[PDB]
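Heads up, the thing below is written out as structure tokens.
Read the figures in this text as sums done on the coordinates, not as results from a lab. Cβ placement follows ideal geometry from the backbone for every residue including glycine, while neighbour counts extend to all protein chains displayed.
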Amino acid sequence: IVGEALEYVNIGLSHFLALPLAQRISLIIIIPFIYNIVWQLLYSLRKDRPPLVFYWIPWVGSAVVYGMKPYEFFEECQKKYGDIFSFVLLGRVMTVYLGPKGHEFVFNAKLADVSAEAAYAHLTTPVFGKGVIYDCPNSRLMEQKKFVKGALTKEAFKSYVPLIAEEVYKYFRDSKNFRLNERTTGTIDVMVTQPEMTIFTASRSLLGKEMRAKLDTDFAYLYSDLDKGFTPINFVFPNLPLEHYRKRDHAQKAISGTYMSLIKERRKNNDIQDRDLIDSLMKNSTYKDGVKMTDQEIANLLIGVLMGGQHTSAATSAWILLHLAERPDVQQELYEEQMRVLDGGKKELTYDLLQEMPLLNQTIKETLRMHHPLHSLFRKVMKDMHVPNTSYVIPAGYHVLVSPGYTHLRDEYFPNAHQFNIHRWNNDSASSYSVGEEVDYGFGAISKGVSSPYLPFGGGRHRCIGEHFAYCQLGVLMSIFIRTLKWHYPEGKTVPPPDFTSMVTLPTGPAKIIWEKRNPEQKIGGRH
Ligand code: HEM
Ligand SMILES: CCCN(CCOc1c(Cl)cc(Cl)cc1Cl)C(=O)n1ccnc1
């Protein structure tokens, strides 16, 4: 007789529901806390699952330590478990595969196994708009990248270089942070100057003179509002109604509206040349199945393409300025390269001459090695994936996290990895290179192997298409900085540590350097 025991299950439940509000709250906390803990212990039994990092608080998982110092988190985990391990992150299970094998396993994964758009769309679609990037099937993305690459050709870069140079000089002339016709020395915050210099140079050359002229007005404020939707807090709550969410949505309509306006006027005048990305997409945005991109979609694609490049590039020139500020030896060497290639300054900077500045391109390369703008790249796992040479299975619904930026900082692949050393790239100054066989996903032949320990631009179907644009812009900018200014730190200041909490891993500010003119009496012409 134990039906008598079932009587007391019933009675027991009855007394549960009758406990005071204090104990019941105490229990709605202690009961998932405990379940979680035995669940992990039970989980670590399975040999077909990668090791899972232990955590106390349910749902939150390892969010706090990962969110604040993800490379230290990765390293500590790698010591305990090796290169494959999992951890819970605000609701989700992230499986990290560290090292070159990890790049291979994730970047070169089969289309059917993983989805970038499933990982990213909830974050990007509201910022950029509907119908493009991650708000469309992968095949559509592939053709958009193709369309955009058509405004990123060598001949495009030859015409961008003087426009970008004009903008840097205008900024030296007019911005309160410099004013080189009035001041010979000054303090700047690189996280104030570099985003402005970036948006100004990127706008003028990819969007055109009209759009660049709008940045001189209050309209510029909308791009900032748009940033606030592109944060690792929309990370988790994609849409819950308070005000910076509205300003985001408002900015998107307003900016896309403006782009659509210029598009429609250019077509109404047949004022369609080869100046911009705008001209380019208007002439070339028909998918292979014959469907044309709408004017809304084109405008949304413009926002998305310029947003990403804006923050990665601005963060990178800020890090460059910061590393160089304590290396007058490297400024000196870069300066000598400038005098030699540009014949004392008597040659005008062109895209061709940029390619003959290996030490400048190595400086960019090395900065990107020590400061990858994105410490983590994600895919949602769509089908149970087996991990080669293990018994590990990664179930659908998990996420895979790859981190080439972590490998960038390993001594095994980069001797003295925490040292800024541009000469480690002697006779290897290329932004990237395919050491063999290629493949084409729809936007041109890129490398098939994604095993390089140096992968600032990722690889596989989702690979960056902006690398050459970014070197062009960073190149021109840094060439003018070097030729015009020397700079150094305020007393006792040094290279700041990264802030990893933002979307990109910019430096912890205020990040200030002191500039001074190389030629105090040099004037920059033009009306203002
Ligand atoms: C230093 C500058 C940059 C760095 C380090 C960088 C890095 C990256 C990385 C790592 C990815 C791959 C993301 C993933 O696989 O999850 C990517 C993708 C991409 N980037 Fe860049 N990027 C930079 C600048 C730019 C610029 C200037 C542009 C445009 C002109 C651009 C446009 C794109 C596009 C369209 C993708 C495709 C993403 C996809 O297919 O899912 N990026 N970038
Ligand atoms: C253009 C579509 C979104 N992208 C590409 C994917 O960007 C990412 C990356 Cl690389 C990581 C995470 Cl965590 C989220 C997003 Cl949206 C960009 O804005 N970027 C950023 C740098 N280069 C391009």
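The angle between the Cα long axis of helix 21-43 and the longest principal axis of the Cα atoms of the chain comes to about 80 degrees, rounded to the nearest 10. For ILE1 and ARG340, the difference between the fully extended length at 0.36 nm per residue and the C-alpha to C-alpha distance is 112.2 nm.
Let me have the 222 nm mean residue ellipticity of the chain computed from DSSP H runs of 4+ only, each contributing -39500 (n - 2.57), with the sum over all residues rounded to the nearest 500. Write down the numbers at each step before the final one.
Values: 19 runs with 253 residues, N = 528.
Computed ellipticity for the chain at 222 nm equals -15500 deg cm²/dmol.
Compute the acute angle (0 to 90°) between the alpha-carbon long axis of helix 295-324 and the principal axis of greatest extent of the alpha-carbon atoms of the chain; round to the nearest 10°. It is inclined by approximately 80 degrees.
Give the separation of the Cα centroids, region 280-343 to region 115-152, in Å. Distance between centres, Cα-based: 18 Å. Full extension of the chain between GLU412 and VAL236 gives 59.9 nm of extra length, using 0.36 nm per residue less the Cα-Cα distance. The long axis of helix 190-202 is offset from the longest Cα principal axis of the chain by roughly 70 degrees.
Determine the sum of side-chain charges near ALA314: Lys and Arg each +1, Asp and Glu each -1, restricted to other residues whose C-beta is under 12 angstrom from that of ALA314. Here the charged neighbours net out to -2.
Here the extension length gained between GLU210 and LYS253 equals 13.7 nm, from 0.36 nm per residue of separation less the Cα-Cα distance. What FRET efficiency comes out for the pair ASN519/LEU111, r = Cβ-Cβ distance, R0 = 45 Å, nearest 0.05? With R0 = 45 Å, the Cβ-Cβ based efficiency is 0.20. Site pair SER434 and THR187 shows an inter-label distance of 4.9 nm when each label is modelled 7 Å from Cα along Cα→Cβ.
Packing, taken as the mean count of other beta carbons within 10 Å per residue, orders the peptides 436-448, 269-281, 368-380 from highest to lowest as 368-380, 269-281, 436-448. Sorting the segments 324-330, 482-488 by their mean number of nearby beta carbons within 10 angstrom, highest to lowest, gives 482-488, 324-330.
Let me check I've understood the local charge: for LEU240, count other residues with C-beta under 15 angstrom from its C-beta, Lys and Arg +1, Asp and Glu -1. What total comes out?
Details: positive: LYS228, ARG246, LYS247, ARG248; negative: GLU243, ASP249.
Spelling it out: positives minus negatives among the neighbours equals +2.
A protection proxy built from the mean count of other Cβ atoms within 10 Å ranks the segments 295-303, 205-213, most packed first, as 295-303, 205-213. Neighbours of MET503 by Cβ distance under 12 Å: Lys/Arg scored +1, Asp/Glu scored -1, total -1.
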